[PDB]
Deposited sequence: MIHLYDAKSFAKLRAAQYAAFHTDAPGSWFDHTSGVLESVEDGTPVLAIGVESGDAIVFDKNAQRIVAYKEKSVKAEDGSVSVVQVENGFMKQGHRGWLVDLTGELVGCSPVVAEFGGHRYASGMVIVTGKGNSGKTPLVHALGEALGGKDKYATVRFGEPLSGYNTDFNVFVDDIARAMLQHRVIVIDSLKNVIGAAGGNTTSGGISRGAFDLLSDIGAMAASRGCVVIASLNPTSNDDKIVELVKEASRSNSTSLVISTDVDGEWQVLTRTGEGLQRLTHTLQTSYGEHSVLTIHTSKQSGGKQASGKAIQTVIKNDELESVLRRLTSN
């Protein structure tokens, strides 16, 4: 919805956004939105996501697809009306994204998803990319385990020429929807085949906001069309993890919230048995330095 501000309410918002990353208990936002989803009446649509054609499929709180849902309208606080209708397995009225309010007035956050190695990590979409010899697949799994912490991480597999990999985009969005509905830490391997269908364009534009609203992190590998990789990394990701000149070393660049500073830190990594990667255990980065990082792609 739209929000109105004066100087005082705006300052309060920025303080709350800052807290949502810097001082909230890691993973608190995820637990909060889990409660909101759990409170939703049975059969109510909670999430719509685009399929390959640009139509949208709709899910309930238990990640079960809704095939039929009678037109139903809800008036928001700002006066806007949201309508939802599902017919023959597809959204007839509504919008892509969360169909229930997970955020309220607290918008524009990068809710802290986890803390690891003395660094806080944001929810939203994290694109893992770069050139050179440092492998992306081992990194995304290492990050998934690390941010998972006490919890297991969920793996969505797509579009690689290996056993058991789904290559159908419509199954992919079903997997992603279920993952975000049920898990705080999600790995996607890989985004190569989405990088173009209306569904693929929708996914790139929608997923970061979907994840940040939920308070889950989606860690997606993307091997570098090159300008679309750059723009997805620049504008569609909440955080970026990019390989450097030095083997095993990665740079993490985090958007900490709406209008807030982008932060950076470095990761050192090494391989153990069967290529299992281990990540070893604040500085601001400006826009010109950010573009300098993107040039390496």
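- Item | Ranges of the deposited sequence (numbered from 1) for which no C-alpha atom is modelled | In sequence order, the gaps with no modelled C-alpha are 196-206, 236-241, 299-312, 329-331.
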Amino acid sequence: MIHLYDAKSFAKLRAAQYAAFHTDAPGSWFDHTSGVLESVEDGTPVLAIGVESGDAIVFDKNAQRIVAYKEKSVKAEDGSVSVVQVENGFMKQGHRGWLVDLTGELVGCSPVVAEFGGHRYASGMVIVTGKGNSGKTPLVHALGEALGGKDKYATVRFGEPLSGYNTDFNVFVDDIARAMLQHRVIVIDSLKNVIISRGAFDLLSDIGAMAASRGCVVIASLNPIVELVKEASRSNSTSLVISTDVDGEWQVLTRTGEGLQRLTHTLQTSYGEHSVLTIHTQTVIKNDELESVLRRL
From here on, numbers count along this sequence of modelled residues.
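Each form is matched to the other, and the largest set of C-alpha atoms that superpose within 1.5 Å is called the rigid core.
- After a core fit, does 225-233 or 262-270 show the bigger CA gap to the shown form in 6 other deposited structures of this protein? This comes out as 225-233, the stretch further from the shown form in 6 other deposited structures of this protein.
- Item | in 6 other deposited structures of this protein, rigid core aligned: more displaced of 130-138 and 211-219 by C-alpha RMS | Result of the core-fitted comparison in 6 other deposited structures of this protein: 130-138 deviates more.
- Message: Quick check on the record: does 129-137 or 162-170 carry the larger mean Cα temperature factor?
- Response: If you average the C-alpha B-factors of 162-170 and of 129-137, the larger mean comes out for 129-137.
- Query: Would 227-235 or 257-265 have the larger average of its C-alpha temperature factors, as given in the entry?
  - Reply: Averaged over C-alpha atoms, the B-factors run higher in 227-235.
- Query: Taking the values straight from the PDB record, which of 214, 95, 120, 92 has the highest C-alpha temperature factor?
  - Reply: Result of the comparison over 214, 95, 120, 92: 92.
- Highest Cα B-factor in the deposition, which of 188, 194, 146, 185? Each of 188, 194, 146, 185 was compared by C-alpha B-factor; the highest is 194.
- Task: Classify residue 152 as lowest, middle or highest third according to the C-alpha B-factor given in the PDB entry, relative to its own chain.
- Result: Residue 152: CA B-factor falls in the lowest third of its chain.
- Message: Can you tell me whether residue 19 has a C-alpha B-factor in the lowest, middle or highest third compared with the other modelled residues of the same chain?
- Response: Bottom third by C-alpha B-factor.
- Item | Ranked against its chain, the third holding the CA B-factor of residue 276 | Middle third of the chain for residue 276's C-alpha B-factor.
- Ranked against its chain, the third holding the CA B-factor of residue 203: Ranked within chain, residue 203 CA B lands in the middle tercile.
- Among the modelled residues of its chain, does the C-alpha B-factor of residue 31 lie in the lowest, middle or highest third? Lowest third.
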